[PDB]
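1. Next one to model:
(chains A, B, C and D)
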Amino acid sequence: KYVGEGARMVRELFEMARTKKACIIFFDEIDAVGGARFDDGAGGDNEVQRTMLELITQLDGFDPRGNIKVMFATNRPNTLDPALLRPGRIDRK
Amino acid sequence: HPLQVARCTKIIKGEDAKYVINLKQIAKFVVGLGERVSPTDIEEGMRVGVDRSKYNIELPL
Amino acid sequence: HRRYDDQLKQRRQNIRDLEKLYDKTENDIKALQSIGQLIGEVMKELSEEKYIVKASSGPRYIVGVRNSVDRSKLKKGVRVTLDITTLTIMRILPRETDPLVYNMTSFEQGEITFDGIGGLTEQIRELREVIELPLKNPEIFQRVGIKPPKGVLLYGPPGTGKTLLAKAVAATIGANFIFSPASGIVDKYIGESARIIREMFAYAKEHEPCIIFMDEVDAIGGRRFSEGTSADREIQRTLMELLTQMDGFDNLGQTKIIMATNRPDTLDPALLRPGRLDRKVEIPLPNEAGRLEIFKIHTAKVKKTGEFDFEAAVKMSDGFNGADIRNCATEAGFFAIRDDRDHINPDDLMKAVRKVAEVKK
Amino acid sequence: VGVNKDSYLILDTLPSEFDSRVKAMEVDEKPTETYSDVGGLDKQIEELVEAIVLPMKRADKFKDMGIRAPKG
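-> Numbering: from 1, shown residues only, chains lettered A, B, ... in the order given. Shown next is the structure:
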């Protein structure tokens, strides 16, 4: 129920992962919080919006993925964030 | 120390060093004029906060 | 001699340039100490020097006048300027809640004259007499005792001639153009479509030179299926308010409202009956002789030569208004770069219209 | 807009940053991409550059001749 904590927790994942390498960061049931919902535009709380900003920028650009990995999990593949369906986000399926 | 409400009550100083950002629907305020970063105390210390609505230029606290 | 002459002019110019800047600063700081005022709406008249209003900044408070305040123009629902200290009515303001120049599209005169809408001249002769004539000289009808029509229903295919006729009516007049998009009419709020029509109805009475244009009323209108309501309350909310304002004791003499939809038969038959909407006019495709004047306007802005033939399109054009001919200028604009020319040949007009005639009628 | 709390009067304006822009729509100013990154599309590339990049890249050429640029 706390708004704004999700942006800090995700940022602390990549900062801590650089201390101890050779780790795998797994996410279970991403559709619970959701990658795309109607509360982003219509609602007034910022959670997934700031989560995706820290997820794409921190991992992809300056961080090598050899010793650092991010794996998600879901049920309906068509209900995810369409931003991740674009090339350069999620490849292995 | 989690704080989900950052608001003061009838705090007016000066011009400079006033701030008093209120997240409550009544009497919202913003602070311009460049970037201002303080190590500990910005104006009143303590309740100084941001929470869900980011107000202008202040990240650090 | 000449050394002090150059410095004399430079010294005088620096004084006059800075004098206008210092005078503005002194005048601005004097207006920064002024005291604000409150705003409220009149509910019911209590007495002469005592009124019962409802303030927008809080609950209701008993108010009054101060000095040189006109009490004849103060009626129920009139927005008044409330004093902070004495709590009295000081200034006089019109009735408005949401901004009608921002949330509602407001425009003056028009950018499209009546010479680009040509081909509709059969309807143009009828529309100008039922709109331009009663608006400029309404007093001619008072001698006979008749009434001019209120609304004008122009239906047809969407996108063809609808944008042109919207600005063409206000261009030959010069009044205000009130645009009412159907998207903002249906929302979820408190008194959404009610305050949109009422404030527009009051803004049309307070300001006579105002023209209201509605686009795609099928969303806010329609018979639906069983005439039942499931999340449909906003459709009947807009339709019932339009019919109630017209048949009331306050009519619109000089105010004209133009509505547009996809089909006339899908609307509410209660509006099509006389007494409210007296104008039902179809918008078919323009004729051949009417499309010649259109092709001499949009193509005039496009750089061309003197040998350009204007009669090449009229044979291959069927119902092509100023909106469809711009697609021909887009293809002709890209051709001038390939041939290293600043103009187009008369043959480019035939090839461009033929491509549009296959997709269109 | 600048509004005084005590005086209820506009004094100086305020910088506009968060307007309630309805976020969660990616805004990328001047991205990095080239048509040479993928070959074989030259048939489709020539159609996209002429209908999009051509009326944009040169502003003064189409404005002097009075040619309206397509918006989509």
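
2. Quick one: residues in contact with stretch C:200-210.
-> With contacts defined as C-beta atoms under 8 Å, 6 or more residues apart in numbering or on different chains, stretch C:200-210 is touched by C:94-96, C:100, C:104, C:173-176, C:178, C:180, C:212, C:245, C:250, C:252, C:254-255. In short, each C-beta sits where N, CA and C put it, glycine included.

3. Check which residues of it are buried.
-> Going by neighbour count (16 or more other C-beta atoms under 10 Å in any protein chain shown), the buried part of stretch C:200-210 is C:200-205, C:210.

4. Off-centre distance for stretch C:138-147?
-> Distance of stretch C:138-147 from its chain centroid, counting by C-alpha atoms, centre = their mean, to the nearest Å, is 27 Å.

5. So in the chain, which helix runs the longest?
-> All of this refers to chain A. Longest helix in chain A by number of residues (criterion: DSSP state H): helix A:5-17.

6. looking at chain C here, not the other one
-> Every helix in chain C considered (DSSP H), the longest is helix C:2-30.

7. How about that one and chain D, any contact?
-> No. Helix C:2-30 does not reach chain D (C-beta under 8 Å from any C-beta of the partner chain); its nearest approach is 9.9 Å.

8. Now, the contacts of stretch C:200-210 that are in helices?
-> Residues from those lying in helices, with DSSP H as the criterion: residue C:245.

9. among the contacts of stretch C:200-210, which ones are buried?
-> Buried among the contacts of stretch C:200-210 (16+ other C-beta under 10 Å): C:95, C:100, C:104, C:173, C:175-176, C:178, C:180, C:212, C:245, C:252, C:254-255.

10. Now for those: which two are most distant?
-> Within the buried ones among the contacts of stretch C:200-210, C:95 and C:173 form the most distant pair, 24.4 Å apart (C-beta to C-beta).

11. What residues sit buried inside the helix or strand that the longest helix of chain C is followed by?
-> Counting by DSSP states H and E, the next helix or strand C-terminal to helix C:2-30 is strand C:38-44. Across strand C:38-44, burial judged by 16+ other C-beta under 10 Å covers C:38, C:40-42.

12. just to revisit the earlier point, could you list the buried residues of the longest helix of chain A?
-> Taking 16+ other C-beta under 10 Å as the criterion, helix A:5-17 shows A:6-7, A:10-11, A:13-14, A:17 as buried.

13. Going by distance to residue C:131, which of the residues you listed wins?
-> Checking the buried residues of helix A:5-17 one by one against residue C:131 (C-beta to C-beta), the nearest turns out to be residue A:7, at 57.5 Å.

14. what about the nearest residue to that closest one once chain neighbours are set aside, neighbour count?
-> Take residue A:7 and drop its neighbours on the chain: the residue closest to it by C-beta to C-beta, 6 or more residues apart in numbering or on different chains is residue A:50, 3.7 Å away. Residues within reach of residue A:50, counting by other C-beta atoms under 10 Å in any protein chain shown, total 19.

15. phi, psi of residue A:50?
-> phi -80, psi -20 (degrees, to the nearest 10).

16. same deal with residue D:20?
-> In terms of degrees, to the nearest 10, the main-chain angles of residue D:20 are phi 60, psi 50.

17. go on, residue A:26?
-> Main-chain dihedrals, residue A:26, degrees, to the nearest 10: phi -110, psi 140.

18. Provide a list of residues in contact with the residue lying closest to it once chain neighbours are set aside.
-> Closest residue to residue A:26 apart from its sequence neighbours, by C-beta to C-beta, 6+ apart: residue A:71 at 5.0 Å. Listed by C-beta under 8 Å, 6+ apart, the contact partners of residue A:71 are A:24-27.

19. Could you dump the residues you listed into a markdown table and include neighbour count and distance to residue B:54?
-> Output for the contacts of residue A:71, formatted as a markdown table (neighbours: other C-beta atoms under 10 Å in any protein chain shown; distance: C-beta to C-beta, whole Å):
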| residue | neighbour count | distance to residue B:54 |
| --- | --- | --- |
| A:24 | 10 | 32 |
| A:25 | 15 | 26 |
| A:26 | 9 | 30 |
| A:27 | 15 | 25 |
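
20. So which of those residues belong to strands?
-> Among those, the ones falling in strands (DSSP state E) are A:24-26.

21. Pick out the residue in chain D sitting closest to chain B.
-> As assessed by C-beta to the nearest C-beta, chain B sits closest to residue D:15 within chain D, at 4.8 Å.
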